[PDB]
Amino acid sequence: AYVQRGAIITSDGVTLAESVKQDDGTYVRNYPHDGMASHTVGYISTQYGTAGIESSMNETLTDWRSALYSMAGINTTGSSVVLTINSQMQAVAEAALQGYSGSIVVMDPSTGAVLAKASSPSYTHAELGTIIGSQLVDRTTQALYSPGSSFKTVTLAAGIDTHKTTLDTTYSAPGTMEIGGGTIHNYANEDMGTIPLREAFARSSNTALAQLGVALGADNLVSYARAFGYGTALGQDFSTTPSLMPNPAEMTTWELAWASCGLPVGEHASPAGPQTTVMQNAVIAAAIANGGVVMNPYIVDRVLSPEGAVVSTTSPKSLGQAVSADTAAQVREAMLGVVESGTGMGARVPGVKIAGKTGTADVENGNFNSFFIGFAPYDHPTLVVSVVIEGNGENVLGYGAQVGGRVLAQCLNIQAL
Ligand SMILES: *C(=O)[C@@H](NC(=O)COc1ccccc1)[C@@H]1N[C@@H](C(=O)O)C(C)(C)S1
């Protein structure tokens, strides 16, 4: 502890972590704006473990002289870390989760840079010096959720990219339908008649999208999911638990039908899926917004020497092209429909074209979660949002979309400055 640890700063210059020298000789870790991006800034605690940047960039932040403790402070001084996080967007995301459990990720679609990353409930660093699904879980990257209908984005992308369907192709979308010996149902058993795929997607018909998933087959469904990041521990410089899909060979038709609507119901050796992180949902939206090119997200922009010189800069890196540019353009158009006339009207913001996909998924004892992935502006997107609002007793139907749209609009205004 005699070696001064480097600082952690936002892209807009807000210091979130500093080490301060003491007369004693040692350094104490200070956290200005304590409470901001806590899970991302992280900590090193005996009781609570290690997390975030303090942990992952520990060496950067962290010979004859080594044998002398009195000289530790002299030779080495840790380098600082500038994050991609913008403090104003981070504040926007934190304000939007007040009163709720869940998370939000805002990301640049062309690079995968994480501009805001918020999990709720959260905590302060002061609180770690006391006794405390807890606040410590990072719901953006280390909690897995059934994505529900937000995953239809992947089903749609795969259907179009394999040239098995088009947005104007019609589908029967009844209230209930037998598939693989089990029943699939639209929400509220709504019978929508025969409708084009773009409308089945905007209105989020499970019966229609399940039919597409069965037409694709398990290999295709899983393969496309993986091409968007499933099975990868996303993040160049932060830890994300991989999103999961089953071994396609173990899937049944009924399982496949539900999986295509974002509900993991499989029973077999491999995991049931899809199970997703919010960060993964953001990566999917970004890929779609970025002409199909998937980017490995990152949260460190650059590293600075104690003197203030740039030691290294992170380079954006692609995880591949999951779908063609033509496919991505069709998926974007379908997502515009979700917001302009479908289940995502709550995301609309006057004067800006926002596109996205909603989902709602049942969890334990009558609880359900609301999801939204989206991007803006529709034409030439410069931001992507991914949201989950956990209901845990409260009815949060459509909340993801409302939070998502509000966050995108506020972040676009910040970008314009
Ligand atoms: C996708 O998520 C869909 N979900 C369902 O039909 C199951 O939905 C619910 C579970 C619990 C409580 C209420 C609904 C279809 N898409 C949803 C969406 O948010 O887009 C939906 C509610 C419109 S139906």
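Along the sequence shown, residues carry numbers from 1. What you see below is based on every heavy atom in this structure, not just the backbone, and it leaves out hydrogens, waters and symmetry mates.
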**OP:** Verify side-chain contact (heavy atoms from CB on, under 4.5 Å) between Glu390 and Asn367, making sure each step is shown before the conclusion.
**Re:** CA-CA 8 Å; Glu390 294 173 14; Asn367 295 337; over 6 Å; no
Subject >> With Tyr31 via side-chain hydrogen bond (donor to acceptor under 3.5 Å, both in side chains) - residues at least two apart >> reply: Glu54
Original post:
With a 4.5 Å heavy-atom cut-off, do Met177 and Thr183 have their side chains touching?
Top reply: no
Original post:
Judged by modelled atom types alone, do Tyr399 and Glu394 share a side-chain donor-acceptor pair under 3.5 Å?
Top reply: yes
Subject >> Minimum heavy-atom distance between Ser38 and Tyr123, given as atom pair plus value >> reply: OG-O, 2.8 Å
Original post:
For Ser318, what residues pass the side-chain hydrogen bond (donor to acceptor under 3.5 Å, both in side chains) criterion, not counting sequence neighbours?
Top reply: none
Original post:
If we ignore angles and hydrogens, is there a donor and acceptor under 3.5 Å between the side chains of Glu94 and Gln90?
Top reply: yes
Original post:
Is there a donor-acceptor contact under 3.5 Å linking the side chains of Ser103 and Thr140?
Top reply: no
Enumerate, atom names and distances included, each donor-acceptor pair closer than 3.5 Å involving a side-chain atom of residues 234-242, sequence neighbours excluded.
| from | atom 1 | to | atom 2 | distance (Å) |
| --- | --- | --- | --- | --- |
| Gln236 | OE1 | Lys317 | NZ | 3.0 |
| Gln236 | NE2 | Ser315 | O | 3.1 |
| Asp237 | OD1 | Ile299 | N | 2.8 |
| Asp237 | OD2 | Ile299 | N | 3.4 |
| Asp237 | OD2 | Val300 | N | 3.0 |
| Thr240 | OG1 | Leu234 | O | 2.8 |

Original post:
Looking at residues at least two apart in the chain, or sitting in another chain, which of them share a ring-ring contact (aromatic ring centres under 6.0 Å, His included) with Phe201?
Top reply: none
Original post:
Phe228: what forms a ring-ring contact (aromatic ring centres under 6.0 Å, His included) with it, not counting sequence neighbours?
Top reply: none
Subject >> Least distance between heavy atoms, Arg5 atom then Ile44 atom >> reply: NH2-CD1, 3.5 Å
Original post:
Is the closest side-chain donor-acceptor distance between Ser204 and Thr343 under 3.5 Å?
Top reply: no
Original post:
Can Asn247 and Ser270 be counted as having a side-chain donor-acceptor contact under 3.5 angstrom?
Top reply: no
Original post:
With distance as the sole criterion, is a donor-acceptor pair present between the side chains of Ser110 and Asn290 under 3.5 Å?
Top reply: no
Original post:
Taking only residues two or more places apart in sequence or in another chain, which ones pass salt bridge (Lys or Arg N to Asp or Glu O under 4.0 Å) with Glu199?
Top reply: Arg203
Original post:
With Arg332, which residues qualify under salt bridge (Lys or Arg N to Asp or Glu O under 4.0 Å), at least two apart?
Top reply: none
Which side-chain N or O atoms in residues 405-417 pair as donor and acceptor under 3.5 Å with protein atoms at least two apart or in another chain?
| from | atom 1 | to | atom 2 | distance (Å) |
| --- | --- | --- | --- | --- |
| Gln415 | OE1 | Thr382 | OG1 | 2.9 |
| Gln415 | NE2 | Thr382 | O | 3.1 |

Original post:
What residues form a ring-ring contact (aromatic ring centres under 6.0 Å, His included) with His268, not counting sequence neighbours?
Top reply: none
Original post:
Of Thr165, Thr207, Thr194, which is the lone residue that meets side-chain hydrogen bond (donor to acceptor under 3.5 Å, both in side chains) with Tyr171?
Top reply: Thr165
Original post:
Do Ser55 and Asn58 have side-chain N/O donor and acceptor atoms under 3.5 Å apart?
Top reply: no
Subject >> Test salt bridge (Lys or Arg N to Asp or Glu O under 4.0 Å) applied to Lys117 - qualifying residues, sequence neighbours left out >> reply: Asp138
Subject >> Under the side-chain hydrogen bond (donor to acceptor under 3.5 Å, both in side chains) test, residues paired with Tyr230 that sit two or more places apart >> reply: none
Original post:
Excluding sequence neighbours, so at least two apart, what forms side-chain hydrogen bond (donor to acceptor under 3.5 Å, both in side chains) with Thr84?
Top reply: none
**OP:** Please examine the side chains of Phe371 and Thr360, heavy atoms only from C-beta on, and report whether any two atoms are closer than 4.5 Å.
**Re:** no
**OP:** Tell me yes or no: between the side chains of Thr60 and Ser79, is some donor less than 3.5 Å from an acceptor?
**Re:** no
